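Student: Just so it is clear, I am handing over query23.txt, which has compact mmCIF, C-alpha atoms and all ligand atoms.
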# COMPACT_ATOMS: atom_id res chain seq x y z
CA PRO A 1 -3.60 45.20 53.26
CA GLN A 2 -5.40 43.40 56.01
CA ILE A 3 -9.11 43.03 55.11
CA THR A 4 -11.65 41.95 57.72
CA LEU A 5 -14.86 40.20 56.63
CA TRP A 6 -17.70 42.27 58.16
CA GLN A 7 -18.18 43.81 54.81
CA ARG A 8 -17.80 42.32 51.37
CA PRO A 9 -14.04 42.40 50.35
CA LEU A 10 -14.49 44.57 47.28
CA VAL A 11 -11.33 45.87 45.66
CA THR A 12 -10.38 48.24 42.82
CA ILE A 13 -8.99 46.66 39.72
CA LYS A 14 -7.76 48.36 36.54
CA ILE A 15 -8.34 45.78 33.65
CA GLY A 16 -8.43 46.40 29.95
CA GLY A 17 -7.79 50.08 30.47
CA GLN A 18 -11.05 50.14 32.45
CA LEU A 19 -11.44 50.59 36.21
CA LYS A 20 -13.79 47.99 37.95
CA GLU A 21 -14.51 46.93 41.57
CA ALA A 22 -14.18 43.17 42.48
CA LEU A 23 -14.84 40.65 45.21
CA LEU A 24 -11.82 38.72 46.58
CA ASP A 25 -13.20 35.27 46.50
CA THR A 26 -11.25 32.40 48.11
CA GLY A 27 -14.31 30.28 47.26
CA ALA A 28 -13.77 30.54 43.43
CA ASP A 29 -11.00 28.54 41.83
CA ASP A 30 -11.37 30.92 38.88
CA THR A 31 -11.39 34.77 38.19
CA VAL A 32 -14.80 35.55 36.47
CA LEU A 33 -15.80 39.07 35.49
CA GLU A 34 -19.06 40.61 34.05
CA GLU A 35 -19.28 41.49 30.32
CA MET A 36 -16.66 44.04 29.41
CA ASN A 37 -15.02 45.27 26.24
CA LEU A 38 -11.70 43.28 26.04
CA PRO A 39 -8.82 42.66 23.56
CA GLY A 40 -7.63 39.36 22.30
CA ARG A 41 -8.92 36.07 20.97
CA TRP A 42 -11.09 34.01 23.45
CA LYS A 43 -12.22 30.40 23.90
CA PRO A 44 -15.74 29.05 25.03
CA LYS A 45 -15.80 27.55 28.58
CA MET A 46 -18.40 26.94 31.20
CA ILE A 47 -18.12 27.21 35.01
CA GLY A 48 -20.39 26.19 37.94
CA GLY A 49 -21.26 27.75 41.28
CA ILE A 50 -24.60 27.38 43.15
CA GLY A 51 -27.87 27.26 41.16
CA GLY A 52 -26.02 26.27 37.93
CA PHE A 53 -23.52 26.72 35.12
CA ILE A 54 -22.63 29.72 33.08
CA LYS A 55 -20.89 29.73 29.66
CA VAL A 56 -17.89 32.05 29.91
CA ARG A 57 -15.19 33.05 27.37
CA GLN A 58 -11.61 32.27 28.39
CA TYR A 59 -8.97 34.95 27.95
CA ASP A 60 -5.54 33.63 28.83
CA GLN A 61 -2.70 36.07 29.60
CA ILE A 62 -4.51 39.22 30.89
CA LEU A 63 -2.90 41.94 33.01
CA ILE A 64 -4.86 43.19 36.05
CA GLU A 65 -3.67 45.82 38.42
CA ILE A 66 -5.44 44.32 41.52
CA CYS A 67 -5.31 46.65 44.54
CA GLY A 68 -2.56 48.58 42.77
CA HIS A 69 -0.61 45.34 42.61
CA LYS A 70 -0.29 43.39 39.26
CA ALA A 71 -0.62 39.80 38.08
CA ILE A 72 -1.27 38.19 34.50
CA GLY A 73 -3.60 35.18 34.13
CA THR A 74 -6.90 33.87 32.93
CA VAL A 75 -9.90 36.20 33.14
CA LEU A 76 -13.14 34.46 32.03
CA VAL A 77 -16.02 36.69 30.92
CA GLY A 78 -19.71 35.79 31.24
CA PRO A 79 -23.06 36.14 33.18
CA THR A 80 -21.83 36.88 36.75
CA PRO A 81 -23.53 39.09 39.37
CA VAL A 82 -20.12 40.34 40.75
CA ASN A 83 -16.51 40.33 39.40
CA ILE A 84 -14.71 37.59 41.25
CA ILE A 85 -10.91 37.60 41.77
CA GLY A 86 -10.47 33.92 42.20
CA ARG A 87 -7.59 31.92 43.42
CA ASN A 88 -5.50 32.01 40.31
CA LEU A 89 -4.55 35.63 40.83
CA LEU A 90 -4.84 35.70 44.62
CA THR A 91 -1.81 33.55 44.93
CA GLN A 92 0.05 35.82 42.45
CA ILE A 93 -0.58 39.05 44.47
CA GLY A 94 0.46 36.83 47.47
CA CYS A 95 -2.82 37.00 49.42
CA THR A 96 -3.56 34.43 52.29
CA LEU A 97 -6.23 33.67 54.84
CA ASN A 98 -5.26 34.12 58.47
CA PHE A 99 -6.97 33.27 61.83
CA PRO B 1 -3.45 29.69 61.24
CA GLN B 2 -1.90 31.05 58.00
CA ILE B 3 -3.65 29.53 54.87
CA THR B 4 -2.11 30.11 51.42
CA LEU B 5 -4.48 30.05 48.45
CA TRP B 6 -2.45 27.62 46.21
CA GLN B 7 -4.75 24.71 47.20
CA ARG B 8 -8.58 24.87 47.72
CA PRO B 9 -8.90 26.15 51.41
CA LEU B 10 -11.03 23.28 52.84
CA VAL B 11 -10.98 22.73 56.56
CA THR B 12 -12.66 20.60 59.25
CA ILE B 13 -15.87 21.48 60.99
CA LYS B 14 -18.00 19.66 63.59
CA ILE B 15 -21.77 20.60 63.08
CA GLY B 16 -24.37 18.44 64.94
CA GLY B 17 -22.42 15.42 66.24
CA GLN B 18 -21.12 15.00 62.62
CA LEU B 19 -17.66 15.78 61.12
CA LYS B 20 -17.20 17.52 57.64
CA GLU B 21 -14.92 19.47 55.27
CA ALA B 22 -15.81 23.03 54.26
CA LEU B 23 -14.47 25.58 51.75
CA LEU B 24 -13.60 28.75 53.76
CA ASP B 25 -15.08 31.31 51.53
CA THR B 26 -14.87 35.08 51.56
CA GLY B 27 -17.30 35.44 48.61
CA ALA B 28 -20.28 33.96 50.55
CA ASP B 29 -22.11 36.21 53.04
CA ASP B 30 -23.57 32.86 54.17
CA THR B 31 -22.68 29.47 55.47
CA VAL B 32 -24.51 27.05 53.09
CA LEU B 33 -23.96 23.48 53.95
CA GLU B 34 -25.19 20.48 51.97
CA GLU B 35 -28.06 18.35 53.30
CA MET B 36 -27.66 16.53 56.58
CA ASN B 37 -29.99 15.74 59.63
CA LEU B 38 -30.09 18.97 61.57
CA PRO B 39 -32.60 19.13 64.34
CA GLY B 40 -34.94 22.16 64.70
CA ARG B 41 -37.61 24.47 63.15
CA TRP B 42 -36.28 25.94 59.96
CA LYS B 43 -37.43 28.88 57.82
CA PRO B 44 -37.06 28.74 53.97
CA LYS B 45 -34.84 31.17 52.16
CA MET B 46 -33.10 31.37 48.86
CA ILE B 47 -29.57 32.52 47.88
CA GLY B 48 -27.86 33.45 44.71
CA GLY B 49 -24.54 32.04 43.52
CA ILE B 50 -23.17 32.32 39.89
CA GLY B 51 -25.54 29.94 38.10
CA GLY B 52 -28.71 30.42 40.13
CA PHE B 53 -30.74 30.50 43.29
CA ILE B 54 -31.02 27.52 45.65
CA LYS B 55 -34.02 26.93 47.89
CA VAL B 56 -32.48 26.32 51.37
CA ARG B 57 -33.68 25.89 54.98
CA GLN B 58 -32.53 28.34 57.56
CA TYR B 59 -31.22 26.97 60.83
CA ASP B 60 -30.42 29.81 63.20
CA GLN B 61 -28.37 29.44 66.51
CA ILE B 62 -26.30 26.34 65.63
CA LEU B 63 -22.85 25.67 67.05
CA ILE B 64 -19.95 24.73 64.80
CA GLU B 65 -16.34 24.04 65.72
CA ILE B 66 -14.48 25.33 62.57
CA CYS B 67 -10.73 24.56 63.24
CA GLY B 68 -11.11 24.01 67.08
CA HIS B 69 -12.95 27.30 67.33
CA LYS B 70 -16.55 26.98 68.27
CA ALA B 71 -18.85 29.80 67.15
CA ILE B 72 -22.74 30.01 66.95
CA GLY B 73 -24.49 31.10 63.78
CA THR B 74 -27.14 30.71 61.22
CA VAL B 75 -26.58 27.81 58.77
CA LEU B 76 -28.42 27.04 55.55
CA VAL B 77 -28.94 23.44 54.56
CA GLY B 78 -29.70 22.70 50.98
CA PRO B 79 -28.36 21.73 47.49
CA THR B 80 -24.71 22.80 47.41
CA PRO B 81 -21.80 20.73 45.96
CA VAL B 82 -19.41 21.91 48.77
CA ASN B 83 -19.97 23.04 52.37
CA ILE B 84 -19.21 26.75 52.44
CA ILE B 85 -18.29 28.71 55.54
CA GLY B 86 -19.18 32.30 54.76
CA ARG B 87 -18.41 35.63 56.24
CA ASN B 88 -21.21 35.19 58.77
CA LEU B 89 -18.96 32.83 60.72
CA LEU B 90 -15.56 33.87 59.23
CA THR B 91 -15.84 37.11 61.15
CA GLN B 92 -16.58 35.00 64.29
CA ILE B 93 -13.53 32.74 64.13
CA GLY B 94 -11.31 35.90 63.53
CA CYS B 95 -10.42 35.21 59.80
CA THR B 96 -8.80 38.08 57.75
CA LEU B 97 -7.82 38.39 54.12
CA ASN B 98 -4.19 39.54 53.82
CA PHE B 99 -1.43 40.86 51.34
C1 LIG C 101 -22.18 30.28 48.50
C2 LIG C 101 -23.23 31.28 48.05
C3 LIG C 101 -24.27 31.38 49.14
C4 LIG C 101 -22.56 32.66 47.69
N1 LIG C 101 -23.52 33.70 47.38
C5 LIG C 101 -23.69 34.84 48.07
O1 LIG C 101 -23.03 35.14 49.08
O2 LIG C 101 -24.76 35.68 47.60
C6 LIG C 101 -25.55 36.56 48.36
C7 LIG C 101 -27.12 36.46 48.48
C8 LIG C 101 -27.74 36.44 49.74
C9 LIG C 101 -29.13 36.44 49.82
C10 LIG C 101 -29.92 36.45 48.69
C11 LIG C 101 -29.34 36.47 47.44
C12 LIG C 101 -27.95 36.46 47.34
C13 LIG C 101 -21.73 32.46 46.44
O3 LIG C 101 -22.19 31.93 45.42
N2 LIG C 101 -20.48 32.92 46.57
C14 LIG C 101 -19.47 32.80 45.49
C15 LIG C 101 -19.05 34.18 45.06
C16 LIG C 101 -20.32 34.89 44.55
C17 LIG C 101 -20.99 35.78 45.37
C18 LIG C 101 -22.21 36.27 44.97
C19 LIG C 101 -22.77 35.88 43.77
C20 LIG C 101 -22.08 35.00 42.95
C21 LIG C 101 -20.86 34.50 43.33
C22 LIG C 101 -18.32 31.84 45.64
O4 LIG C 101 -18.06 31.89 47.00
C23 LIG C 101 -18.68 30.37 45.27
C24 LIG C 101 -18.48 29.31 46.39
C25 LIG C 101 -18.31 27.89 45.83
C26 LIG C 101 -17.04 27.40 45.56
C27 LIG C 101 -16.89 26.24 44.82
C28 LIG C 101 -18.03 25.58 44.36
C29 LIG C 101 -19.30 26.04 44.63
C30 LIG C 101 -19.44 27.20 45.38
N3 LIG C 101 -17.86 30.04 44.09
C31 LIG C 101 -18.33 29.98 42.82
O5 LIG C 101 -19.53 29.92 42.51
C32 LIG C 101 -17.22 29.82 41.78
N4 LIG C 101 -17.12 28.39 41.55
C33 LIG C 101 -15.93 27.78 41.56
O6 LIG C 101 -14.83 28.34 41.44
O7 LIG C 101 -15.97 26.39 41.62
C34 LIG C 101 -15.22 25.50 40.91
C35 LIG C 101 -16.05 24.29 40.50
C36 LIG C 101 -17.04 24.46 39.54
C37 LIG C 101 -17.89 23.42 39.25
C38 LIG C 101 -17.76 22.23 39.91
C39 LIG C 101 -16.76 22.07 40.86
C40 LIG C 101 -15.90 23.10 41.17
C41 LIG C 101 -17.54 30.71 40.56
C42 LIG C 101 -17.18 32.12 40.97
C43 LIG C 101 -16.85 30.24 39.28
In C-alpha cells, write the structure found in this file.
Ligand SMILES: CC(C)[C@H](NC(=O)OCc1ccccc1)C(=O)N[C@@H](Cc1ccccc1)C(O)[C@H](Cc1ccccc1)NC(=O)[C@@H](NC(=O)OCc1ccccc1)C(C)C
Tutor:
Amino acid sequence: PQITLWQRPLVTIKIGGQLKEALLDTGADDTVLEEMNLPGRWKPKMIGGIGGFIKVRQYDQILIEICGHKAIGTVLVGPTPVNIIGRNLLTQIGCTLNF
Amino acid sequence: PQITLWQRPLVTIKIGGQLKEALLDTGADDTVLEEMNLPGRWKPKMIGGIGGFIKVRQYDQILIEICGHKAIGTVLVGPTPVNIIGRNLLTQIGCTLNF
C-alpha cells in the first residue's frame, strides 16, 4: 500500500491476540508500544526520543500481523503516547520511502 | 529516490546558507532541527516526543533544499539530538511510505 503523509500513517496491527492501531515511524530505530497484556518473559531496557528517556520492557520474538502482513521481532513495552512500528519490522514487511 | 529502511534514513539538507544531515521521519508532524543561527522573529512552541516536551522556537516561511528539492515551511529550532524532517515538508518533497 502506498501511504501519503498528509495524515498520520496509522495502521492496524493484530498483536498478542489484541487488535491495535500504530504509527509507521521511519524515525524510530525501535518498535515501542503502549502497555498491553503480553505473554513471555521480558527484560528491562530504556529508550530515548525528544524530551527524555523511557524505561521499556524488551520482548524478543513477537509475532505482529502489521497491515495484514506478518513479521516477528522485538516489541518493547513502556510509557509511549502512540504505538510505533519502528524500523526493525518495517524492513521485514518490506516497506521503503520513495520520492 | 527509493530509500530502504535497513539503515537510518538520513539525508542532506541546505537550511540558511548551512549544510546538514536529517532523519526523514514519518512519525514527526514537524520539522525540528537542532540549534543553529536562523535569522528572523520566532514564536515559542513546545512538542512532544517519547520522553518529553521540548521548548522550541518557531520559524515560519524558511526554505530548505532536502535532496535537491527546495520547499518552504515552518521549522522548529531547539534541543533535539537529530535534525528531523517531518510530514510538514515530507508531503512537500513528494515522499510516500510504500509496501
Ligand atoms: C520529532 C518530534 C517532534 C515527534 N513528535 C510529534 O510529531 O508529536 C506531535 C506534537 C505536536 C504538537 C504538540 C505536541 C505534540 C516525535 O517525537 N516523533 C517520533 C514518533 C512519535 C510521535 C509522537 C509522539 C512520540 C513519538 C519519532 O519520529 C522520533 C524521531 C527521532 C528519531 C531518533 C532520535 C530522536 C528522535 N523517534 C523516537 O523518539 C524513537 N527514538 C529512536 O528510535 O531513537 C533511537 C535513539 C535513542 C536514543 C539516542 C539515540 C538514538 C522512539 C520511538 C524510541
Student: Using 10 Å as the limit and counting all atoms listed in the file, can you tabulate each residue of chain B that touches ligand LIG 101 (chain C), with its shortest atom-to-atom distance in Å and the two atoms involved, as CSV?
Tutor:
residue,atom,partner,partner_atom,distance
B:8,CA,C:LIG101,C27,8.9
B:22,CA,C:LIG101,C26,9.8
B:23,CA,C:LIG101,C26,6.9
B:24,CA,C:LIG101,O4,8.7
B:25,CA,C:LIG101,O4,5.5
B:26,CA,C:LIG101,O4,6.4
B:27,CA,C:LIG101,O4,4.0
B:28,CA,C:LIG101,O1,3.3
B:29,CA,C:LIG101,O1,4.2
B:30,CA,C:LIG101,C3,5.3
B:31,CA,C:LIG101,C3,6.8
B:32,CA,C:LIG101,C3,5.9
B:33,CA,C:LIG101,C1,8.9
B:45,CA,C:LIG101,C10,8.0
B:46,CA,C:LIG101,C10,6.0
B:47,CA,C:LIG101,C11,4.0
B:48,CA,C:LIG101,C12,4.0
B:49,CA,C:LIG101,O3,3.0
B:50,CA,C:LIG101,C20,4.2
B:51,CA,C:LIG101,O5,7.5
B:52,CA,C:LIG101,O3,8.5
B:53,CA,C:LIG101,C11,7.4
B:54,CA,C:LIG101,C3,8.5
B:56,CA,C:LIG101,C3,9.9
B:76,CA,C:LIG101,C3,8.8
B:80,CA,C:LIG101,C29,6.9
B:81,CA,C:LIG101,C29,6.0
B:82,CA,C:LIG101,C29,5.8
B:83,CA,C:LIG101,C30,8.2
B:84,CA,C:LIG101,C1,6.1
B:85,CA,C:LIG101,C1,8.2
B:86,CA,C:LIG101,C1,7.2
B:87,CA,C:LIG101,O1,8.5
B:88,CA,C:LIG101,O1,9.9
Student: What does chain A look like after a least-squares fit onto chain B on every Cα paired in order, written as a compact mmCIF listing (two decimals) with C-alpha atoms, in the frame of the given file?
Tutor:
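part-v6.txt was written with the following content:
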# COMPACT_ATOMS: atom_id res chain seq x y z
CA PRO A 1 -3.57 29.26 61.07
CA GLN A 2 -2.17 30.91 58.01
CA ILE A 3 -3.71 29.33 54.87
CA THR A 4 -2.25 30.01 51.43
CA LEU A 5 -4.47 29.75 48.34
CA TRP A 6 -2.68 27.29 46.01
CA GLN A 7 -5.08 24.69 47.15
CA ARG A 8 -8.72 24.98 48.09
CA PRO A 9 -9.00 26.19 51.78
CA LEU A 10 -10.87 23.16 53.06
CA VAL A 11 -11.26 22.89 56.82
CA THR A 12 -12.63 20.37 59.34
CA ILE A 13 -15.85 21.28 61.03
CA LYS A 14 -17.76 19.34 63.69
CA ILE A 15 -21.53 20.31 63.24
CA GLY A 16 -24.57 18.54 64.53
CA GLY A 17 -22.43 15.89 66.15
CA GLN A 18 -21.16 15.09 62.65
CA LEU A 19 -17.68 15.77 61.26
CA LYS A 20 -17.61 17.52 57.76
CA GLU A 21 -14.95 19.29 55.63
CA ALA A 22 -15.70 22.90 54.39
CA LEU A 23 -14.45 25.63 52.11
CA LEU A 24 -13.58 29.00 53.73
CA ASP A 25 -15.34 31.29 51.39
CA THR A 26 -14.82 35.07 51.66
CA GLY A 27 -16.97 35.26 48.51
CA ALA A 28 -20.18 34.02 50.29
CA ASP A 29 -22.03 36.36 52.59
CA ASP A 30 -23.69 33.23 53.98
CA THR A 31 -22.67 29.76 55.45
CA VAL A 32 -24.40 27.08 53.22
CA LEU A 33 -23.93 23.36 53.80
CA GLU A 34 -25.07 20.20 51.87
CA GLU A 35 -28.05 18.14 53.14
CA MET A 36 -27.35 16.82 56.60
CA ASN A 37 -29.39 15.45 59.47
CA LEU A 38 -29.90 18.48 61.83
CA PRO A 39 -31.92 19.42 64.97
CA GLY A 40 -34.26 22.30 65.33
CA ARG A 41 -37.05 24.08 63.52
CA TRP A 42 -36.07 25.69 60.12
CA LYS A 43 -37.39 28.40 57.78
CA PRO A 44 -37.51 28.39 53.85
CA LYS A 45 -35.00 30.79 52.18
CA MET A 46 -33.34 31.05 48.84
CA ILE A 47 -29.79 32.19 47.97
CA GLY A 48 -27.97 33.04 44.69
CA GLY A 49 -24.47 32.45 43.38
CA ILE A 50 -23.49 31.94 39.70
CA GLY A 51 -25.82 29.98 37.38
CA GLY A 52 -28.83 30.55 39.71
CA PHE A 53 -30.75 30.32 42.97
CA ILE A 54 -31.14 27.51 45.40
CA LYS A 55 -33.91 27.13 48.03
CA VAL A 56 -32.22 26.54 51.39
CA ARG A 57 -33.63 26.03 54.92
CA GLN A 58 -32.49 28.56 57.53
CA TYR A 59 -31.33 27.29 60.90
CA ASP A 60 -30.57 30.16 63.24
CA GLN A 61 -28.39 29.58 66.33
CA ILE A 62 -26.18 26.57 65.35
CA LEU A 63 -22.88 25.67 67.01
CA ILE A 64 -19.95 24.77 64.72
CA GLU A 65 -16.53 23.85 65.90
CA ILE A 66 -14.69 25.37 62.85
CA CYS A 67 -10.98 24.45 62.78
CA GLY A 68 -11.30 23.43 66.42
CA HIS A 69 -12.52 26.94 67.14
CA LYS A 70 -16.28 27.62 67.84
CA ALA A 71 -18.92 30.11 66.73
CA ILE A 72 -22.90 30.01 66.75
CA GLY A 73 -24.88 31.43 63.80
CA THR A 74 -27.03 30.72 60.81
CA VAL A 75 -26.32 27.54 58.85
CA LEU A 76 -28.56 27.25 55.74
CA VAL A 77 -29.05 23.77 54.27
CA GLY A 78 -29.73 23.05 50.58
CA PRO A 79 -28.38 21.96 47.11
CA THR A 80 -24.69 23.03 47.32
CA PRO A 81 -21.68 21.30 45.71
CA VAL A 82 -19.38 22.17 48.72
CA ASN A 83 -20.02 23.28 52.35
CA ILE A 84 -19.26 26.97 52.47
CA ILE A 85 -18.19 28.76 55.69
CA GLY A 86 -19.31 32.18 54.73
CA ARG A 87 -18.63 35.50 56.24
CA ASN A 88 -21.03 35.30 59.11
CA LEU A 89 -18.87 32.84 60.99
CA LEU A 90 -15.51 33.90 59.56
CA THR A 91 -15.68 37.11 61.44
CA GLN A 92 -16.62 35.18 64.63
CA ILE A 93 -13.55 32.85 64.50
CA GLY A 94 -11.66 36.15 63.75
CA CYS A 95 -10.37 35.24 60.27
CA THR A 96 -9.02 38.03 57.85
CA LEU A 97 -7.50 38.36 54.42
CA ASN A 98 -3.92 39.59 54.29
CA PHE A 99 -1.56 40.67 51.43
Student: For CA of residue 94 (chain B) and CA of residue 15 (chain B), determine how far apart the two atoms are, in Å to one decimal place.
Tutor: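 Computed distance, CA of residue 94 (chain B) to CA of residue 15 (chain B), equals 18.5 Å.
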Student: Could you check which of B:60, B:1, B:6, B:69 is closest to residue 91 (chain A), using only C-alpha atoms?
Tutor: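 Selected residue with least distance to residue 91 (chain A): B:6.
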Student: Can you list, as a ChimeraX atom specification, every protein, DNA or RNA residue that comes within 8 Å of residue 13 (chain A) when you count all atoms listed in the file, leaving out same-chain residues fewer than 5 positions away?
Tutor: /A:19-22,64-68
Student: Could you add N, CA and C atoms to region 29-51 of chain A and give me the result as a CSV table (one decimal), in the coordinates of the input?
Tutor:
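File produced: part38.csv:
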chain,number,residue,atom,x,y,z
A,29,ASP,N,-12.3,29.0,42.3
A,29,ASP,CA,-11.0,28.5,41.8
A,29,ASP,C,-10.5,29.4,40.7
A,30,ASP,N,-11.5,30.1,40.1
A,30,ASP,CA,-11.4,30.9,38.9
A,30,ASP,C,-11.7,32.4,39.0
A,31,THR,N,-11.1,33.3,38.3
A,31,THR,CA,-11.4,34.8,38.2
A,31,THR,C,-12.5,34.9,37.2
A,32,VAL,N,-13.8,35.3,37.5
A,32,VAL,CA,-14.8,35.6,36.5
A,32,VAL,C,-15.3,37.0,36.5
A,33,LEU,N,-15.3,37.7,35.4
A,33,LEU,CA,-15.8,39.1,35.5
A,33,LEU,C,-17.0,39.3,34.5
A,34,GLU,N,-17.9,40.2,34.9
A,34,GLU,CA,-19.1,40.6,34.0
A,34,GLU,C,-18.6,41.1,32.6
A,35,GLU,N,-19.5,41.0,31.7
A,35,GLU,CA,-19.3,41.5,30.3
A,35,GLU,C,-18.6,42.8,30.3
A,36,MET,N,-17.5,42.8,29.5
A,36,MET,CA,-16.7,44.0,29.4
A,36,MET,C,-15.9,44.0,28.1
A,37,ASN,N,-15.7,45.2,27.5
A,37,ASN,CA,-15.0,45.3,26.2
A,37,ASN,C,-13.6,44.9,26.5
A,38,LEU,N,-13.1,43.8,25.8
A,38,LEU,CA,-11.7,43.3,26.0
A,38,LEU,C,-10.9,42.7,24.8
A,39,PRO,N,-9.7,43.2,24.6
A,39,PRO,CA,-8.8,42.7,23.6
A,39,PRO,C,-8.3,41.3,23.6
A,40,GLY,N,-8.2,40.7,22.4
A,40,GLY,CA,-7.6,39.4,22.3
A,40,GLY,C,-8.6,38.5,21.5
A,41,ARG,N,-8.2,37.2,21.6
A,41,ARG,CA,-8.9,36.1,21.0
A,41,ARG,C,-9.4,35.2,22.1
A,42,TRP,N,-10.7,34.8,22.3
A,42,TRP,CA,-11.1,34.0,23.4
A,42,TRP,C,-11.4,32.6,23.1
A,43,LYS,N,-11.7,31.8,24.1
A,43,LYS,CA,-12.2,30.4,23.9
A,43,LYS,C,-13.6,30.2,24.6
A,44,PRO,N,-14.6,29.4,24.2
A,44,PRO,CA,-15.7,29.0,25.0
A,44,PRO,C,-15.3,28.4,26.3
A,45,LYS,N,-16.2,28.3,27.4
A,45,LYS,CA,-15.8,27.6,28.6
A,45,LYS,C,-17.1,27.7,29.4
A,46,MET,N,-17.3,26.8,30.4
A,46,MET,CA,-18.4,26.9,31.2
A,46,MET,C,-17.9,26.8,32.6
A,47,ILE,N,-18.5,27.4,33.6
A,47,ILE,CA,-18.1,27.2,35.0
A,47,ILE,C,-19.4,27.0,35.9
A,48,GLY,N,-19.3,26.4,37.1
A,48,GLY,CA,-20.4,26.2,37.9
A,48,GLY,C,-20.1,26.7,39.4
A,49,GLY,N,-21.2,27.2,39.9
A,49,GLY,CA,-21.3,27.8,41.3
A,49,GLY,C,-22.6,27.2,41.8
A,50,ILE,N,-23.3,27.9,42.6
A,50,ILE,CA,-24.6,27.4,43.2
A,50,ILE,C,-25.8,27.8,42.2
A,51,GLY,N,-26.9,27.0,42.2
A,51,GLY,CA,-27.9,27.3,41.2
A,51,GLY,C,-27.5,26.5,39.9
